[PDB]
Every structure is written in C-alpha cells, then in structure tokens.
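Structural overview
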Amino acid sequence: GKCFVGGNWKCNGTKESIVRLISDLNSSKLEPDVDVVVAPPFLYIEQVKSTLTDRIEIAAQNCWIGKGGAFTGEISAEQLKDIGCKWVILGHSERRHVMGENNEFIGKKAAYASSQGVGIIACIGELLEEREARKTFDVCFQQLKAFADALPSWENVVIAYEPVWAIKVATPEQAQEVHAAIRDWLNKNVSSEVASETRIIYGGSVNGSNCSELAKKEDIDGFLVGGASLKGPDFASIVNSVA
Amino acid sequence: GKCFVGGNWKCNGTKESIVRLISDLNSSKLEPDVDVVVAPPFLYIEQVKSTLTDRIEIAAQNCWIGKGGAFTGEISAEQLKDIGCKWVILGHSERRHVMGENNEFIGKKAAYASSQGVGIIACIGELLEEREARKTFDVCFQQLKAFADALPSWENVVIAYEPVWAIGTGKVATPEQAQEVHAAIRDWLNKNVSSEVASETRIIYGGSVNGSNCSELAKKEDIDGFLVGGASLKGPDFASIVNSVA
C-alpha cells in the first residue's frame, strides 16, 4: 500500500497560472512511494495531462450521476475516462453544502463512475452543528453507507474525511479519532481486507507547515489538499511528508 | 441585425466523435451574416477552439454564480473568458427542471458572466402543465423579469425560448405557436426594458429544431434564429439550420 496526496485546485486557475503551477510541479522533487493526484477545473484538464509529469495522475472535480445525454452543463464519467482522468472527486463538502448534493445523488455518481473504470475520491464529513449534536459519527457513517451501498468494489476508492465543522482548527487527535472510526466502520460493514487496503486521507485545511503532525497519525494515509495545492513548493512538501 | 444559430451539444461527445463533428462543420458552407455558435462540454472547448473554423464562436453550457474560489466542480465566467468562450448558456430547461436552478440563482450567473464580458444565451420556457393552465406568458414573463432585473447591460444577450415539452421530445412547436411567444417576449422587452433592447435583442427558438422544420420557423417575423439540441451533433444537419435563416 502507498500513501495518497491529492491536490484539489477547486474553481481556480487560468491557462497562464496553470503553466506556472505545472512548471513548479514538474521541477519538484517528489518521493517515489506516494501516489500523487491533481484535480484541475474541467477546461484545463487536457493542458495538464499534456504537459504535467506523468508521475502525477489526474482527477476531475465532479461528474454527472449517469451516462451522457440531455444534461446541459454536466460532464459524464465516460468523458472523464476519455480525456485521461484516473479519478473523480465525489461528495466534496462544497458540492454537498453550497450546492445541495444529497447522499442518494452522490451515491449514483459513485456507482456510475466506478462502472466506467474511474477511481473515486469519496468525500465525507460533518458540519459544526452536527458535531455539536454529538452526531459526528452518525453523519459520517450515513455518508459512508451511501457510498458503500452503491459501490461495486472498493479497489479503486480513497476516502477523504473533511472536518467541515472547522471553518476552529482540527487537532491531529481529532482527525485521527475520525479516521480510526472510519476504518473500523469499513472493517465491520465491508470486510477486513477493504479496511486495511483503503487509503483514508485527511481533507481539512493542510499546508506544508502543519502536515507533518497529521502525517504521523496511524490511520491518516495522506491528504486531500485545498488551497496549498495551487503552489508547487507547498504541495511538494505535503507529498514528501507522507513518504 | 444578424440572426443567431447556436448548437448545444449538451453532455455528449468524445475526442473522436468531436473530430468527426468538427470535420463536418468545417466542410459545410455557411451563409454569411449569421452569428453561429457551438457549445461543447467543458473538457473539449480547447480542442474545438483549436480546430473548428473561427467563423463559429464558442459557448459554454453553464458557469458558477460568481467569481472562482472554493467551488469544487464549477467553472467560473472568468475562466470561460480565459479559454476563449464568447457565450454561456444560462437557465437551460435541463438545469432548471432536472437540476433545480431557480430564477434568482440563474439571474446571478447572468449578471456575473456579463460582468466578465461573456455573452448570455438566456433560456426561458414553460412546462406542458403551465401551457395547459394558460400560464405560458405568466411563466415566460416571470423568467424574463428575473434576467432583466439582474442584467446590468443587454449588450451581447440573446433570449432562447424553449417550450419544455419540445426539448428532446420530437414535438416541435408549430411556427404559429413559436411566433406567438416570440412576439410576446419582444413586446415585454419593449414595455419593461426599452424599445432599443426590444428591437436589438435576438430571440431564438429552441426545441426539436432540425433540418426539416427550421425553414418554416425561420420565416416568422420574430424568430431570429435557433438554439439547436440533438441536431447540432450532426454537422450537415446543423449547417442546413444555419443556412435556413437567410
């Protein structure tokens, strides 16, 4: 098994800014035993695939619930396959909470994307109001079950825990607390082999100056990086922290 | 005062299929003095921009309500401007009725994309039940109002009337029915915005347009062109639709 670091560029970047980011990612020294993924906005995925080192695999940030057709504005998983993505981010907190995506909806995307041979970065996490109600685990478990009930296999799936409730700062102990509970849930509700093989990555706010103490935690297998992924040096330091 | 014909490819296409569609579009002869636009899925916009005749301008099919940032999965209007789009489709019936976009949400996108210098294809239209209740105009007028209240300028705005019962159903509106609504839209613009906006703004018909039925629709006084769904995926068919509006 290998640790996993994904860079979610979110809704950011231009042709010019992405040339510079690709330049700095290409010149980075990245340790070889980490799986590295970046997720550009749809428009720029071809430019990234063409000029970024093939040591880094490419993810998209979303897809539609089913095959293509009369869904203006949407991108299908078979199109993600066609353009060269190996991964798609599903259930990101911003799509759940700004954009209203519910669990059944996200579950349909996971079933369909995996059916097209695209890996899933499956995002889960609870709001501040839910943690306060002592429902951290109820919410994360309900979200995991929706992925589990839809997926044909866990082989090409990574789980990202997003402490949405922080937005204070989550401690490495609070992060590890959830990652352990997630891995336990897999053990009890899927299998022992899935529980040990599935990477569980931390998706709270992470940069090159706070990743090292999170990386030491037993059930933190890497990171889903937000804003720090827009800068080569910061991102490379996060990659190298889990090597 | 030019007619306007847009092709909405929707969620369709691969590199390979789009090569074939681009080849067919490049090989057609398009009558001059028609604004022609195609809307590829986000992934393929660069490939289209690079290899499709620059006679045809490029649209995107959606964008976010405001500037970029922490909006995973979304494309901002300044990114559309960066990549070479001159138009974005907003308020398409599929985003309203399948994906839940409401009038105010759509209006925010329209205002923001306009602020980035991207043209608007503003879609309105009524459901089968609403036409059955004789609310066609109520609904269309409310949808126009939401665009008019949000838009800080009507430069580079085109209105697309899509009778939702006609999208992908093969039940095209008759030329008489379409003309009736287009006339009402233009009168609404005359009364509620300005007579300059009313006479200048292209009002295009969407809903099962194909190479057969475009000629009689194009004859109507207030139908200024088309927003083409399924037929835009076939190069020769789309070219005959462009050529109908001369």
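Our structure is the block above this text.
A brief report on the enclosed structure follows.

Scoring rules and cut-offs
- Residues numbered from 1 in each chain as written, not as in the entry; some residues may be left out.
- Chains lettered and ligands numbered in written order.
- Heavy atoms only, no water.
- Residues with missing side-chain atoms left out of burial classes, pairs and counts.
- Core = buried A, V, L, I, M, F, W, Y, C linked by side-chain atoms within 4.5 Å.
- Buried < 20%, exposed > 50% of the residue type's maximum accessible area, 1.4 Å probe, protein only.
- Contact = heavy atoms within 4.5 Å.
- Disulfide = S-S within 2.5 Å.
- Pairing = 2+ DSSP bridges.
- Helix = DSSP H or I, 4+ residues; strand = E, 2+ residues; numbered from the N terminus.
- Axes fitted to C-alpha atoms, helices over the stretch in contact; angles between N-to-C directions.
- Expected span 1.5 Å × (residues − 1).
- Polar contact = N/O pair within 3.5 Å; in protein donor to acceptor, adjacent residues only side chain to side chain.
- Buried area = accessible area lost by both parts, 1.4 Å probe.
- Salt bridge = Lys/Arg side-chain N within 4 Å of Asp/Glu carboxyl O.
- Nonpolar A, V, L, I, M, F, W, Y, C, P; charged D, E, K, R; others polar.
- Parallel < 35°, antiparallel > 145°, perpendicular 65-115°, else oblique.
- Left-handed = near helix turned anticlockwise from the far one by under 90°.
- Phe/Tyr/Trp six-rings, centres within 6.5 Å; stacked < 30°, edge-to-face > 60°.

1. A few points about the nonpolar core
- Of all hydrophobic cores here, the largest spans 137 residues; its most connected members are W154(A), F223(A), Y205(B) and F226(B).
- Dropping the residues within four chain positions of it, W154(A) is found in contact with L144(A), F147(A), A148(A), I159(A), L186(A), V190(A), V194(A) and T198(A).

2. Description of the state of the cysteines
- For the structure on display, the rule yields 0 disulfides over all chains.
- With no disulfide of its own, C63(A) lies 9.3 Å from the sulfur of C11(B), the closest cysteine sulfur.

3. Focus: the sheet that holds strand 5 (residues 119–124) of chain B
Residues and elements named next belong to chain B.
- Read once around its circumference, the closed barrel built from 8 strands follows the order 1-2-3-4-5-6-7-8, with strand pairing classed as parallel. Neighbour to neighbour, the strand axes of the sheet diverge by 25° on average, direction disregarded.
- Bridge count for strand 4 (residues 87–90) against strand 5 is 4 bridges, and the pairing is parallel. Bridge pairing in strand 5 links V88 to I120.

4. Let's talk about helix 5 (residues 103–115) of chain A
Residues and elements named next belong to chain A.
- With 13 residues, helix 5 should cover 18 Å at 1.5 Å per step; its first-to-last C-alpha distance of 18 Å lies within 8% of that length.
- Measuring from the side-chain oxygen of the N-cap residue of helix 5 to the backbone nitrogen of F105 gives 2.8 Å; that N-cap residue is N102.
- Looking at the residues trailing helix 5, positive phi occurs at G117, about 75°.

5. Some thoughts on the interface of chain A and chain B
- The partner chain B presents 35 residues to the 33 residues of chain A that form the contact.
- When the two sides are added together, the surface that chain A and chain B hide from each other amounts to roughly 3100 Å², 60% of it contributed by carbon and sulfur.
- Contact with chain B buries surface across chain A, with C11(A), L43(A) and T72(A) losing the most and accounting together for 27% of the total.
- Our count for the contact surface shared by chain A and chain B stands at 2 salt bridges.
- For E74(A), the salt bridge goes to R95(B), with nearest N and O atoms at 2.8 Å.
- Across the contact surface, chain A and chain B share 22 residue pairs in polar contact.
- Secondary structure elements with two or more residues in the side of chain A that touches chain B: helix 3 (77–83) and helix 4 (93–97) of chain A.
- At 4 residues, the largest contribution of residues to the side of chain A that touches chain B is made by helix 3 of chain A.
- Residues belonging to the side of chain A that touches chain B are distributed by class as follows: 14 nonpolar, 13 polar and 6 charged.

6. Comments concerning the packing of helix 7 (residues 136–150) of chain A against helix 8 (residues 172–189) of chain A
All names here are of chain A.
- Their axes nearest at 11 Å, the elements helix 7 and helix 8 cross at an angle of 40°. Judged by the inter-axis angle, helix 7 sits oblique to helix 8. Handedness of the helix 7/helix 8 crossing: right-handed. Contact with helix 7, carried on its side by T136, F137, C140, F141, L144, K145 and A148, involves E177, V178, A181, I182 and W185 of helix 8 and no other residues of that element.
- Each residue belonging to the contact of helix 7 with helix 8 can be placed in one class, and the counts come to 9 nonpolar, 1 polar and 2 charged.

7. What to know about helix 1 (residues 15–27) of chain A
- Taking 1.5 Å as the rise per residue, helix 1 of chain A with 13 residues should run 18 Å; its terminal C-alpha atoms sit 18 Å apart, in good agreement.
- Considering only its buried residues, helix 1 of chain A is in contact with strand 2 (34–39), helix 2 (45–51) and helix 11 (232–241) of chain A.

8. Let's talk about the pattern of salt bridges
Residue and element names in this part refer to chain A.
- In total, this model carries 24 salt bridges over all chains according to the counting rule given.
- Where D219 meets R183, a salt bridge forms, and the shortest distance between an N and an O atom there is 2.7 Å. Here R183 lies in helix 8 and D219 lies in the loop between helix 10 (211–215) and strand 8 (222–225), a separation of 36 residues in the sequence. Grouping residues by exposure puts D219 and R183 together as buried.

9. Focus: the packing of aromatic side chains
- Per the stated rule, a full pass over the model turns up 9 aromatic pairs over all chains.
- Note on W64(A) and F105(A): the rings are 6.0 Å apart at their centroids and 75° apart in plane angle, and the pair reads as edge-to-face. Here the residue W64(A) occupies a position in the loop between strand 3 (57–60) and helix 3, and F105(A) occupies one in helix 5, the gap between them amounting to 41 residues.
- Taking the centre distance of 5.1 Å and the plane angle of 75° together, the rings of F4(B) and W87(B) count as edge-to-face.

10. Section: the pairing of strand 8 (residues 225–228) of chain B
Residue and element names in this part refer to chain B.
- What you see with strand 8 is no split at all: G225 and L227 on one side and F226 and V228 on the other are buried throughout.
- In this sheet, strand 8 lies alongside strand 1 (residues 3–8) in parallel orientation, the contact comprising 4 bridges. Its bridge partner lying in strand 8, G7 is registered against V228.
- Alignment of strand 7 (residues 202–206) against strand 8, held across 2 bridges, turns out to be parallel. Within strand 8, the position partnered with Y205 by the bridge is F226.

Such coordinate-based values are descriptive only and should not be taken to indicate function.
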